[PDB]
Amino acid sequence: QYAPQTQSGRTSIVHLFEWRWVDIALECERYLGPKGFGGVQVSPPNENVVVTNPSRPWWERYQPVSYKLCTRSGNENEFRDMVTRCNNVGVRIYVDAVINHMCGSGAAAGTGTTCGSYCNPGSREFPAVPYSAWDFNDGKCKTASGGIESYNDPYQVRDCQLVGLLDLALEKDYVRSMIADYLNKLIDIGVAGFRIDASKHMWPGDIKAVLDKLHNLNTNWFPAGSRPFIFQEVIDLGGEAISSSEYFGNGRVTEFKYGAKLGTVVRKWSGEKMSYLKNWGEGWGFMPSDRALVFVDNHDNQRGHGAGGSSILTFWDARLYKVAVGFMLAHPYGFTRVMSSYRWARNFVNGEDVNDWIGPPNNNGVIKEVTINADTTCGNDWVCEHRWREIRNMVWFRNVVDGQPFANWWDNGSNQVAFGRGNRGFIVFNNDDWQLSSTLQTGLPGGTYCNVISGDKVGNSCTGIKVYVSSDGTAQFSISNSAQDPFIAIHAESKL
């Protein structure tokens, strides 16, 4: 459960948020595979309720009505096709598994669902599964509201309703079996693992009971006896009742402290300096590296939901976002997940984005295709961060330095820092309000390297900055505080 199961050498996963199956299949073949991306985290592939108020929010996909592979992203055939095509080119598929609950208890009875299945949340009836009243935690929850009133009571968090979503009775084998049946179908199709949604809202033991029923991965692409990769979403910034460690036995866990702290440091808020990053990782009180799934931002906190708050860096702050993503992809700690979003019309009212519900780019509710521009960027409002040179080149950096130890750290005692990975790569940042012009030990063998942030190595030349490294591994780095991208990165494979 801790091994990502990505093709050997591929070290990252990308969240292709709200993308359609057919577009992901293409993206795997034309880009993800050739560019060395390890896998894709897809949006919930199971049938969900249709929300008309607001008009088709991105969050309606977190309100299940059945386990049929039929959504705005595509049908089962398109899903199967995607998994096969991606697997064939070395890119794994990870499913976002929504298993803690069904749809909102207040939703109306009917067939207003993505596949036309009938449900009646008032009477707790989901015929398409099937589930009925006895499969929910209603009589178990001890709060007046029937919802989670305090996160300091581990019982409410697990047994009560999260934002009014019908809570499944996970201690029951019937429920556990319906869930494992759904997951097993995906595994057999070829899925490599799952993001367990709202893991904090389930007892570690119930998740375990479900996981023990899972099939080994499909031998057409994975070795015999391979177990699916599991990463549980557990938000724990410290100082709360439930702790991330409670879920270590099930697989990896989301380290939300990572993005919250890194955002504050890169933004330079609360007296934080980049030089404080020397002991980044466990030194900052993070979970064990082999238990963590790390990221700068996720689908929730990039729009105000979840944890992190204003310190979270998103594509909206492109310049600082790339620095943060660059630092994450260069540092040895944890398994990395790169975010890929869509643009929406933000509207702050009282410091709150009232438009945070807006779903993916669409033509009257139908998701738009992902178009690729001549310069390799995307159209139709898909941001495609994974295609920005600075990010795609750092994904490659991580593959190249894989296994190399953190080495040759340097800092100007303020916001200029640098470090390398063994003798395979080196990165330097200037987040200060002044010039960086120093000769640093890179730990790399002499030669001329192409800076992968400002350009690429094309043939026998660099398209951006070139860095001449001498025989003793020393080189000069000049970075202006006004540079478009205030950082430089070079590695074994950008050497001329």
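When you see a residue number, it is the position in the sequence shown, counting from 1.
(message) If you average the CA temperature factors as listed in the entry, which stretch comes out higher, 138-146 or 403-411?
(response) Mean B over CA atoms: larger for 138-146.
(request) Look over 58-66 and 434-442 in the entry and identify the one with the greater average Cα temperature factor. (result) Looking at the record's C-alpha B-factors, the answer is 434-442.
(request) Could you check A108, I187, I235, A292 and tell me which one carries the biggest Cα B-factor in the deposited entry? (result) Spelled out: the listed residue with the top C-alpha B-factor is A108.
(request) Kindly indicate the residue among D297, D197, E125, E385 with the greatest C-alpha B-factor in the PDB record. (result) Going by the entry's C-alpha B-factors, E125 comes out highest.
(message) By the recorded C-alpha temperature factor, relative to the other modelled residues in its chain, which third is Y182 in?
(response) Answer is lowest: the recorded C-alpha B-factor places it there.
(request) Relative to the other modelled residues of the same chain, rank the CA B-factor of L496 and answer lowest, middle or highest third. (result) Its C-alpha B-factor belongs to the highest third of this chain's values.
(message) When the deposited Cα B-factors of this chain's modelled residues are ordered and cut into thirds, is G422 in the lowest, the middle or the highest one?
(response) It falls in the middle third of the chain.
(message) Considering every modelled residue of the chain and its Cα B-factor in the PDB entry, is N77 in the lowest, middle or highest third?
(response) Highest third.
(request) State the tercile, meaning the lowest, middle or highest third, of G38 with respect to the CA B-factors recorded for its chain. (result) Its C-alpha B-factor belongs to the lowest third of this chain's values.
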